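Each remark here refers to the structure printed beneath this line.
Protein chains in written order, with the entry's author numbering: chain D, 13 to 250, 259 to 293; chain A, 10 to 251, 256 to 298.
In structure tokens form, the structure reads like this:
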């Protein structure tokens, strides 16, 4: 490609040596596929190890379990602390009506550079009903899953919105050297049973009709709006722009699974930027 | 204290909620401590696979040296994983075989020169040395936790060393006075190697006139011998702690590591693709 001029002038006996290295490069890649699969099993094996601290965190956010004294001693901001810290705790008094941690997952998702662009303002009060975000991996349907848990809400009846990605760990047969890790095959969202007139994924538009029975009058059409909850209506795999869009969907699921869920409080508090 | 981009929300938080956030920081450390064990087991996994790669890398070293002849299956494998047909066959006939061209000349020089990050480290006076580069190899270790890169040189007029080794010491446990910044294995120390240079051919040094700061010739131009820009400063990395002595080295030390990572994690597994030029960065595809 970018050294094509050198490759062209290579004598044929040397070219054949380069062909031999490409054949070897396929074998090295096949092993790298076995590696990533064993890394995948490792992510799964550790899910049980994380579960305790993630379950404990869900109880704190819902107000279902009260913090222990040892937890009170942990500094709220690992930054500068001493008496400079003590006046921070004294900045606002306790409110027994303030139960749990309000707007927790909204704040963590809004604080991530990539995700914040997906959250529009008409999405904001919906994500306030977000109790927990969950992820889990799988081998037989190879890939992982993200579960969004919503409390009872006036926007829709669903209590969990699931986003599942089907991942391929083997090199593509008609692009074997292109392999750099697990690639997406398919993304499957979820169907949202919205309540009336509150579907944010949809949008009403007015246009003057020029001809017909409604000439000189406005019809109200319904079209797509920008919303985070389009995340659960992903592009299909099967304008060839989709291959950009599917990756854009995937790059968001990666951010949610790999970074925010293990570091939720640090995005809430803003110690990562 | 605007290390926190949500500081305004955190301050006005009522205290009973603040206490809930403190509890989440306690949990975040436990998650990180578990994440520390994960990266350790990925490290153990990387070591376990070294034996599996070695054969294919050993086969590749033999091909580059001209020690082994390609097989029929390999002759049929396309040289360029791009467009090929009759567009391909005319490439093979573009130049005739030369039996004096043994092995693959300038392989590792071309592979490293083709990488975005490394090409900036290779200056022109480094080029004829890297033609003596026979093989680049890397391997990880537990006891001094980290990994190592060894550069294999044939006999050469530039120095006597036959292998130059670059060793990185990695930390897999969270910082005791920064546990929440943990995001993976971090570099503790990078250790280069002493190069037995020949006479008048040491590229790492450079004779320059420089204004003297103290002494009898203060304010005057002496001929000092000082460091030159060369890839081979890679083997004299900055030291750790044993705005100019802290935040300089600590930035340079990571920059050294980020080069060893590219060499270990990206170039060595994909050497031929950098040679052929189908990759030029850690943005693989």
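Ideal placement from N, C-alpha and C gives every residue a C-beta, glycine not left out.
Residue-chain proximity (residue i, chain A), Cβ-Cβ < 8 Å
{"i": "residue 237(D)", "result": "no"}
{"i": "residue 84(D)", "result": "yes"}
{"i": "residue 50(D)", "result": "yes"}
{"i": "residue 270(D)", "result": "no"}
{"i": "residue 76(D)", "result": "no"}
{"i": "residue 90(D)", "result": "yes"}
{"i": "residue 180(D)", "result": "no"}
{"i": "residue 197(D)", "result": "no"}
{"i": "residue 103(D)", "result": "yes"}
{"i": "residue 72(D)", "result": "yes"}
{"i": "residue 131(D)", "result": "no"}
{"i": "residue 261(D)", "result": "no"}
{"i": "residue 79(D)", "result": "yes"}
{"i": "residue 174(D)", "result": "no"}
{"i": "residue 150(D)", "result": "no"}
CA-to-CA distance, residue j to residue i, given in whole angstroms
{"i": "residue 151(D)", "j": "residue 200(D)", "result": "16 Å"}
{"i": "residue 96(D)", "j": "residue 13(A)", "result": "15 Å"}
{"i": "residue 171(D)", "j": "residue 286(A)", "result": "49 Å"}
{"i": "residue 40(D)", "j": "residue 130(D)", "result": "38 Å"}
{"i": "residue 222(A)", "j": "residue 33(A)", "result": "55 Å"}
{"i": "residue 35(A)", "j": "residue 35(D)", "result": "51 Å"}
{"i": "residue 173(D)", "j": "residue 145(D)", "result": "10 Å"}
{"i": "residue 47(D)", "j": "residue 55(A)", "result": "8 Å"}
{"i": "residue 132(D)", "j": "residue 241(D)", "result": "10 Å"}
{"i": "residue 283(D)", "j": "residue 62(D)", "result": "12 Å"}
{"i": "residue 92(D)", "j": "residue 10(A)", "result": "7 Å"}
{"i": "residue 238(A)", "j": "residue 211(A)", "result": "12 Å"}
{"i": "residue 168(A)", "j": "residue 294(A)", "result": "30 Å"}
{"i": "residue 189(A)", "j": "residue 292(D)", "result": "10 Å"}
{"i": "residue 58(D)", "j": "residue 249(D)", "result": "31 Å"}
{"i": "residue 137(A)", "j": "residue 164(A)", "result": "13 Å"}
{"i": "residue 252(D)", "j": "residue 117(D)", "result": "Between 250 and 259, chain D has no modelled residues, which means residue 252(D) does not appear in the coordinates."}
{"i": "residue 88(A)", "j": "residue 124(A)", "result": "19 Å"}
{"i": "residue 74(D)", "j": "residue 143(D)", "result": "7 Å"}
{"i": "residue 85(D)", "j": "residue 66(D)", "result": "20 Å"}
{"i": "residue 198(A)", "j": "residue 266(A)", "result": "8 Å"}
{"i": "residue 29(D)", "j": "residue 263(D)", "result": "35 Å"}
{"i": "residue 229(A)", "j": "residue 24(D)", "result": "59 Å"}
Contact with chain D by residue i, beta-carbon distance below 8 Å
{"i": "residue 121(A)", "result": "no"}
{"i": "residue 108(A)", "result": "yes"}
{"i": "residue 156(A)", "result": "no"}
{"i": "residue 274(A)", "result": "no"}
{"i": "residue 29(A)", "result": "yes"}
{"i": "residue 282(A)", "result": "yes"}
{"i": "residue 289(A)", "result": "yes"}
{"i": "residue 166(A)", "result": "no"}
{"i": "residue 69(A)", "result": "yes"}
{"i": "residue 20(A)", "result": "yes"}
{"i": "residue 293(A)", "result": "yes"}
{"i": "residue 298(A)", "result": "yes"}
{"i": "residue 127(A)", "result": "no"}
{"i": "residue 183(A)", "result": "no"}
{"i": "residue 23(A)", "result": "yes"}
{"i": "residue 100(A)", "result": "yes"}
Residues that DSSP places opposite residue i in a beta bridge
{"i": "residue 102(D)", "result": "In the DSSP output, where bridge partners are listed per residue, residue 102(D) has none listed."}
{"i": "residue 184(A)", "result": "187(A)"}
{"i": "residue 206(D)", "result": "168(D)"}
{"i": "residue 199(D)", "result": "177(D)"}
Contacts around residue i, its chain only, beta-carbon distance under 7 Å, and the 5 residues preceding and following it disregarded
{"i": "residue 245(D)", "result": "201, 213"}
{"i": "residue 183(A)", "result": "41, 42, 45, 191"}
{"i": "residue 16(A)", "result": "10"}
Neighbourhood of residue i by C-beta distance below 8 Å, restricted to the same chain and skipping five residues each side
{"i": "residue 114(D)", "result": "140"}
{"i": "residue 147(D)", "result": "156, 157, 158, 159, 276, 277, 281"}
{"i": "residue 134(D)", "result": "212, 237, 239"}
{"i": "residue 90(D)", "result": "291"}
{"i": "residue 78(D)", "result": "none"}
{"i": "residue 181(D)", "result": "45, 48, 49, 52, 154, 194"}
{"i": "residue 258(D)", "result": "Residue 258(D) cannot be located in this model; chain D continues from 250 straight on to 259."}
Beta-carbon proximity list for residue i, same chain, < 6 Å, skipping 5 on both sides
{"i": "residue 217(D)", "result": "233, 235"}
{"i": "residue 252(A)", "result": "Shown without residue 252(A), the model has chain A running from 251 straight on to 256."}
{"i": "residue 208(A)", "result": "none"}
{"i": "residue 219(A)", "result": "233"}
{"i": "residue 279(A)", "result": "295"}
- Task: Let me know the beta strand (DSSP E) ranges lying completely inside the stretch 119–175 of chain A, each 3 residues or longer, listed in chain order.
- Result: Runs of beta strand (DSSP E) with 3 or more residues, each lying fully within the stretch 119–175 of chain A, are found at 142–150, 155–162, listed in chain order.
Inset, instruction - Scan the stretch 213–247 of chain A and note each continuous beta strand (DSSP E) run of 3 residues or more that stays entirely inside, going in chain order. - result: Counting whole runs of 3 or more residues, the stretch 213–247 of chain A contains the beta strand (DSSP E) stretches 214–220, 230–236.
- Query: When Cβ atoms are compared, which residues of the stretch 33–64 of chain A fall closer than 7 Å to chain E?
  - Reply: No chain E appears in the structure shown, which is made up of the protein chains D and A.
task = For the stretch 17–93 of chain D, list the alpha helix (DSSP H) runs that are entirely contained and at least 4 residues long, ordered along the chain.
result = If we require 4 residues or more, the alpha helix (DSSP H) runs fully inside the stretch 17–93 of chain D come out as 24–74, 81–85.
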